[PDB]
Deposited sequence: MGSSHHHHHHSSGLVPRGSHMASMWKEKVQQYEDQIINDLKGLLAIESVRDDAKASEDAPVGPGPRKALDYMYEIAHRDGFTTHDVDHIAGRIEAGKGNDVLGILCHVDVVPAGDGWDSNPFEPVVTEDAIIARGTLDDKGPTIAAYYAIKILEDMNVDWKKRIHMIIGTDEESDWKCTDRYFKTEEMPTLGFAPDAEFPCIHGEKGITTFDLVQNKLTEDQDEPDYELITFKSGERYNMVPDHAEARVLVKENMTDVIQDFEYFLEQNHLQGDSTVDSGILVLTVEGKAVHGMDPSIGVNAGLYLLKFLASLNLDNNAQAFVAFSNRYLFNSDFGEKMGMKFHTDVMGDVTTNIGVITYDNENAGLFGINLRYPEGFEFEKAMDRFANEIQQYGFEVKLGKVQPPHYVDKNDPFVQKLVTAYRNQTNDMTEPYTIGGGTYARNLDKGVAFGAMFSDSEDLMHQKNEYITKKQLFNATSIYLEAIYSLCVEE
């Protein structure tokens, strides 16, 4: 097609710009937070990188407290917004490359953020640039909005939308294709414990596993104080690993037993296709004679969290043909002698699920075990009529170059789209490709990247040039 050929003509520029942006470790770090770096050095630097190539290419930019900003492209009354985030999730062990040193092979590019969300953003970016290079007659302005905190708390767009212009129409290239006109409600809360003797066979000293609500933990570590004979615990733990097909290991160190479990990290919108390292370790600890609190902590996990991806053990198993299942992820698990423990849960649900009702019932159920709920942000399900001219306008672009007649459907990602009333999430991913978002060895294919660019090219054209 006219568009695919055009794009190929930029294949090398796109790869270079992407590389640059992949090379920036824009993972949030609150220990370096500053007014200059609200969420740390990384995200800040990634934002400015977008300002650079922008400037390089002649586009005007506008920043907002170094937490988010826009790029201006078009000319006219209306403004098509395109919401990209440039922050990224941390990367764990087991990588076959440096997560933040992009590798580029014949077929793909390897690096954290290739798939979500650096790959798309830029693909989006070159759509504008290409048009502009064509000296087109813009009939609408284009605001590429870049956020730096979307993967965590929404500090980026929350601020951006207090003072800045709200686009008249917009999409986020940061879920799936071929359109995503709806998204489950996203939520996060904590299950916190309470304190409460006689020198048990084992005392749990600490437990850490998992860092982000929106990721399945692939690492878990427990520090255990053994009382008398511990060769049993080792042999047992090593059998536990084998039986469950896990990686991990054990070291006694300063007279203390360090139990470690590797798992498989996966996006939190779906934990069932991953292996929660934290939950398994706790499943294992359940077989020991432990101090009362550790025992209560472990029991809780096994009663409510373990092997319960769809909130089943929480009396929250619920489903809809339209927006799907309720999913519950345990992204954060911590415990210590003084304060522990804590379960951080990422629960998502379809329109119709009564969160508060559910959440409030569970809160009373849980009292007796000495636990309590601590709600975090709660953002409601987001729906845009598949048929809205906007959506059909984007889909047409997908269908013309893909010919996949599939209907726009509704995932549970948690994109930027719901920032706009008719906000939608438009692509990135082809049914064609491996969804390694939030996983190790994350990569994007040249094919996808380029074919995405091309579709973004025709769509943004159809939509801002052609009247």
Self-check item: Deposited positions without coordinates, collected into consecutive stretches in sequence order
Solution: 1 to 22, 219 to 221
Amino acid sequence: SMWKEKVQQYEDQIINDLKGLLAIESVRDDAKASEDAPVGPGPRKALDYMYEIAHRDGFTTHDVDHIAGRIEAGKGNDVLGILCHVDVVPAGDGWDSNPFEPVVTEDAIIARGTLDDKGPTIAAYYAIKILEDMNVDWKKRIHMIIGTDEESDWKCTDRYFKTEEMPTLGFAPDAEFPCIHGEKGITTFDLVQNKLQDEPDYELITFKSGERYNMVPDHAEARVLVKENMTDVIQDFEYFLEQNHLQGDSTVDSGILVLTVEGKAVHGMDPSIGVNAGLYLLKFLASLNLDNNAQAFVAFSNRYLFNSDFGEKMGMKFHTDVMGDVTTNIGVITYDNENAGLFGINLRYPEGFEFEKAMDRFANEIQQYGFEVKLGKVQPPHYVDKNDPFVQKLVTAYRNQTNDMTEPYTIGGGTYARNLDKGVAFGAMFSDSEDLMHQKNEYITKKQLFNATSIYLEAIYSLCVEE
From here on, numbers count along this sequence of modelled residues.
Quiz item: Hey, which bit's got the bigger mean C-alpha B factor in the entry, 245 to 253 or 267 to 275?
Solution: 245 to 253
Exercise. Using only the Cα atoms and their B-factors as the entry lists them, report which of 183 to 191 and 323 to 331 averages higher.
Key: 183 to 191
Quiz item: Which one, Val378, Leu115, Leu285, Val261, has the peak C-alpha temperature factor per the PDB entry?
Solution: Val378
Quiz item: Which of these, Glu176, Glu150, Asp198, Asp218, has its C-alpha atom at the highest B-factor, as the entry lists it?
Solution: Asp198
Self-check item: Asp87 - which third its CA temperature factor falls in, relative to the rest of the chain
Solution: lowest
Quiz item: What third of the chain, by the recorded C-alpha B-factor, contains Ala68?
Solution: lowest
Quiz item: What third of its chain's C-alpha B-factors does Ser431 belong to: lowest, middle or highest?
Solution: middle
Practice problem: Could you look up the Cα B-factor of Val224 in the entry and say which third of the chain it sits in: lowest, middle or highest? | Solution: highest
Quiz item: Taking the C-alpha B-factors as the PDB entry records them, is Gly370 in the lowest, middle or highest third of its chain?
Solution: highest
